Amino acid sequence: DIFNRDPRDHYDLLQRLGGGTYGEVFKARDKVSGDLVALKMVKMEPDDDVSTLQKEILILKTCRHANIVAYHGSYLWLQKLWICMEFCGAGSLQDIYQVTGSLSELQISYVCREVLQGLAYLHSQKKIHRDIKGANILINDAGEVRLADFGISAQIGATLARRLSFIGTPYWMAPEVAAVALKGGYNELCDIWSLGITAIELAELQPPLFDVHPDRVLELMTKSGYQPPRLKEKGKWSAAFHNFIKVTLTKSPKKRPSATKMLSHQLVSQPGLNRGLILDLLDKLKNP
Amino acid sequence: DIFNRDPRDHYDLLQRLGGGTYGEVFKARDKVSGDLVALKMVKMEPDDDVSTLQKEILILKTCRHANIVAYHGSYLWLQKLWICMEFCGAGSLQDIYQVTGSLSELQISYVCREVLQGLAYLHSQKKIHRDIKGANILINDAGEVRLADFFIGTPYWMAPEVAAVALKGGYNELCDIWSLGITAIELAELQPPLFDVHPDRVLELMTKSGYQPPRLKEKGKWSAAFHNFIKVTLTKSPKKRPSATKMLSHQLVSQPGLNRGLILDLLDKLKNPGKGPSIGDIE
Ligand SMILES: CC1(C)OC(=O)c2ccc(Nc3ncc(-c4nnco4)c(N[C@H](CO)c4ccccc4)n3)cc21
Ligand SMILES: CC1(C)OC(=O)c2ccc(Nc3ncc(-c4nnco4)c(N[C@H](CO)c4ccccc4)n3)cc21
């Protein structure tokens, strides 16, 4: 499927959006159609075990949904893997709230509905995002919401398949060992919890315990008496938003509702939720 | 790792005991002492030899207990790693029950006590066997029982079950207690439960919400102590499952009359199932 041609043949590079250890990301325009796309250039040549890049592109190609970042194709030219994906002009919700500040309850309910639609699709295809957060929710110039960055789920998928699933007989394995061998010890409902933390992150600019050291947070959550977090200010939010947080953050995965069940909740089912709510957020981003 | 010499200098190879992905295992005799050993020849595969050779052999040497199979040394000659270990004459309990048939409750109870002693030692050294089964419990010619054959993300958005797997790994040493319980059923019925079900279908059944721990098929054949030992070792919840030292106080393994003699009686049935001479005239 991968094009073994130079990406500069089909697209014009405009500017560097970001980068890091994995690869640089660029804004680019299609030569024929003029439509914008993002190109993630990954340095791929002497790197061992490229099953992570292989599973990420596979996840992207098979995902066809409005609330999942669209995938256009891939290129291999001069030992660099350029992944062509949907351009989302306003960047991530994190990039936005760092300038605009706290989102409104209706703007958060629109984002939650759009993420839940994307999660119900991923879960129906037997996929787990495993990294739902403001930084992985992209917003385009039309105010549309997209789930992005399946890099964590690709690292987990590649590990729990060949690198950690070359084991014989399950007959003597305890049920907790069987769960790790088959799934990794958890199910798609971990994304529902992460959405609940993301809803707090949009309301308060931080997830709960963000000031606590990451090693200390792992221990608190694993302690027997761990209480799920709640919204700091009570009066500022309606009873529907407090109940959405309460149900998405159910400690027990067996009792936590699914993505399709969460779409019937009042906060998410109310009328008046549309991309206009996020265009109002982007006007605050554009005008000081 | 320890000796960079050819193993044929110190031992005489006699026959191939077995093999597979885990290399080739041979029977061998010491040239000076005449004592028998088992040599596991592993094909090295060029990748790493800083920790993969020095630290791995250091762990193997520092596992010193009566119920863990003994380690003698290692060799690196012609890109092959020969691990010299105790020759356990009678082989594994699987090799034995395939000839003798079902073990008795007292013989199973003895094996369980010896495996529990080996597990309490491994767990105290912060090690997990992870593969307790009849094929990995070796019996030597003296009737002794020896165990053998040894973060992604930021946490603020992780669910508590994801945090538990990231911090504590998804499972602990108590997985060995469950496996011992399955092994006790295996020694009694010649198979672990669900052995006829496809392995892919078994992973799904165990992971399903309503998975019920297995039990002994014949009830009357076994005492209430053996049924309770199975019940208690096969506790679905790892938080409620007892430790190896706690299991040593159980009625089944604490009862009197448990001794090496029970295993010596099992090796006699293995040696004497054949018929005597009838047509051999000779003189
Ligand atoms: C790489 C990633 C996240 O993984 C995918 O699966 C994916 C799909 C489509 C993507 N498209 C896209 N389009 C435009 C912008 C933008 N436009 N203005 C600012 O940013 C943007 N920003 C993100 C968030 O800052 C970004 C993240 C990291 C480095 C650079 C940018 N991302 C981006 C991605
Ligand atoms: C390789 C392994 C299991 O891993 C360790 O840690 C270890 C330690 C000591 C070992 N010593 C040993 N000594 C004698 C016999 C024997 N004597 N008569 C028949 O077999 C034997 N048999 C086993 C079970 O059939 C075996 C298993 C696989 C291939 C060949 C043989 N194993 C064996 C092992």
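Just so it is clear, the values below take in all heavy atoms, side chains as well, and ignore hydrogens, waters and symmetry mates. One-based numbering, in listed order, for ligands and for the atoms of each. Every chain is numbered from 1, with letters handed out A, B, ... down the list of sequences.
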Taking the side chain as every heavy atom from C-beta outward, state whether B:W157 and A:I132 have any pair of such atoms under 4.5 Å apart. no
Note: ligand 2 atoms sitting under 4.0 Å from heavy atoms of B:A38 are 11 (N), 12 (C), 13 (N)
Side-chain heavy atoms of B:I83 within contact of B:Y71, under 4.5 Å: yes
Going by the order shown, which atoms of ligand 2 are within less than 4.0 Å of some heavy atom of B:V25? 1 (C), 29 (C), 30 (C)
For B:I128 and B:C175, run side-chain contact (heavy atoms from CB on, under 4.5 Å): C-alpha distance rounded to whole Å, both residues' side-chain angles, the deciding distance at 0.1 Å, then the answer. CA-CA 8 Å; B:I128 305 182; B:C175 64; 3.7 Å; yes
Looking at B:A90, B:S92, B:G19, B:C88, the heavy atom closest to atom 16 (C) of ligand 2 belongs to B:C88
So does B:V115 get a backbone contact from the side chain of B:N67, meaning a donor-acceptor N/O pair under 3.5 Å? no
Are side-chain heavy atoms of B:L187 and B:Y97 found at a separation under 4.5 Å? yes
Test your reading of the structure: does B:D149 have an N or O sitting under 3.5 Å from an N or O of ligand 2? yes
Which of the numbered atoms in ligand 1 are below 4.0 angstrom from a heavy atom of A:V69? 8 (C), 9 (C)
Which of the atoms in ligand 1, numbered in the order shown and given with their element, are less than 4.0 Å from a heavy-atom of A:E86? 9 (C), 10 (C), 11 (N)
May I ask whether B:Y22 has any heavy atom positioned less than 4.0 angstrom from an atom of ligand 2? yes
Is there a polar contact between ligand 2 and B:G89, counting only N or O atoms under 3.5 Å apart? yes
Test of understanding: given a 4.0 Å heavy-atom threshold, classify the contact between B:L138 and ligand 2 as side chain, backbone, both, or neither. side chain
Closer than 4.0 angstrom, basic N to acidic O: yes or no for B:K133 and B:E186? no
Go through ligand 1 atom by atom and flag the ones less than 4.0 Å from a non-hydrogen atom of A:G18. 29 (C), 30 (C)
Could you label the plane-to-plane angle of the B:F3 and B:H10 rings as parallel, tilted or perpendicular, counting under 30° as parallel and over 60° as perpendicular? perpendicular
Provide the number and element of each atom of ligand 1 under 4.0 Å from a heavy atom of A:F87. 13 (N), 14 (C), 17 (N)
For B:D95, counting its heavy atoms only, list the atoms of ligand 2 lying under 4.0 Å from any of them. 24 (C), 25 (O)
Looking only at the side chains, is there a donor atom on one of B:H123 and B:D176 sitting less than 3.5 Å from an acceptor on the other? yes
